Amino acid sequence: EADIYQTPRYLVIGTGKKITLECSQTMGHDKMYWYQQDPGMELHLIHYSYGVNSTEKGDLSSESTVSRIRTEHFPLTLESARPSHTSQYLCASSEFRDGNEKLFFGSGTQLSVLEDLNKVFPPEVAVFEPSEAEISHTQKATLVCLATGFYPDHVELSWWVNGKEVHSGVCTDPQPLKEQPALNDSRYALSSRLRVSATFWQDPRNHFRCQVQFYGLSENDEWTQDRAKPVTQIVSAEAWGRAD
């Protein structure tokens, strides 16, 4: 059964820390790979393995290491995090099927390495209620959710109606927006819409919640600021349907 699995999906860490990115497959594939892709570039091979005891550098300059002691596992280690390690890390395995090396990828780790942890901020979340000018004209009601002030760009926004996640009538910006573009470490904003029928909205028993999962600092992380520690957390805002 199964496939290929990578964790964590998201990581923000201080500089100089050791990092291990995990990769496993249950397909019994001999060949396994690590690819990296910075903001501006294509995927590029950093390490590969022909099987147990085989570990090869695909990029000579890379200061990551791998090991292969089990067919199943191909972990990647960064002994000393530098900002330049901030990247997307994709693990893959392959096999020969019909004389073709066919690759299967994990879903990646988004790694953010920061010189200064004080630039980490969780999102603030607001829900804006449908315009009555929208409702009376269109018979439909759009809720807007704004998540603001977060850094890095490591968030997942979801909509929950009456306690259950919804996908119908939802659109979330594919990319966030820089609140202060003139800073390459600018905080970020993201919006999403949830559109329901006006009568669904006008029902007071209906409960709407915009939820943003932020991935930030972990428990053990050092912190000294006069402001709550920006740990991994959920931030939400909610709204009730209202007649009117």
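Numbers follow the displayed sequence, beginning with 1.
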{"item": "Stretch exceeding the other in mean C-alpha B-factor - 177 to 185, 203 to 211", "value": "177 to 185"}
{"item": "Which of 93 to 101 and 156 to 164 has higher mean CA B factor, as the PDB entry lists it", "value": "93 to 101"}
{"item": "C-alpha B-factor winner, where the candidates are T148, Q139, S131, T109", "value": "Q139"}
{"item": "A228 - Cα temperature factor, lowest/middle/highest third of chain", "value": "highest"}
{"item": "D59, C-alpha B-factor rank within chain (lowest, middle or highest third)", "value": "highest"}
{"item": "Third of chain Cα B-factors occupied by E124", "value": "middle"}
{"item": "Third of the chain, ranked by Cα B-factor, where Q88 sits", "value": "highest"}
{"item": "Chain-relative CA temperature factor third for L78", "value": "highest"}
